[PDB]
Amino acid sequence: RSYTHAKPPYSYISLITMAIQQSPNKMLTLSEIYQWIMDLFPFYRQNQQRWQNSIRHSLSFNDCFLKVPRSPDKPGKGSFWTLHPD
């Protein structure tokens, strides 16, 4: 049987920012961001289709998130995302 959780009081900027700040390298992949968010806020275990679309939109749309490429000799899926140094 399923259970209603209430949306926590954070914008996607805030959610992403917190995820990154917490990370030991100060950077996370997109899927790591998803993980951190879901692990912590069970509200986000539903409707993953739309809220993840929002996250992706946020990373690209907002200048405060910076794409870090993976090393040539350490390849993988997607880039890391860190905070713009502003």
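Residue numbers run from 1 along the displayed sequence.
**Q** Per the record, averaged over C-alpha atoms, which has the higher B-factor: 64-72 or 7-15?
**A** Mean CA B-factor is higher for 64-72.
**Q** Decide which of the stretches 16-24 and 73-81 has the higher mean C-alpha B-factor, going by the entry.
**A** It is 73-81.
**Q** Using the B-factor values recorded in the entry, state whether the Cα atom of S31 falls in the lowest, middle or highest third among the modelled residues of its chain.
**A** Middle third, going by the recorded CA B-factors of the chain.
**Q** What third of its chain's C-alpha B-factors does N47 belong to: lowest, middle or highest?
**A** Highest third of the chain for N47's C-alpha B-factor.
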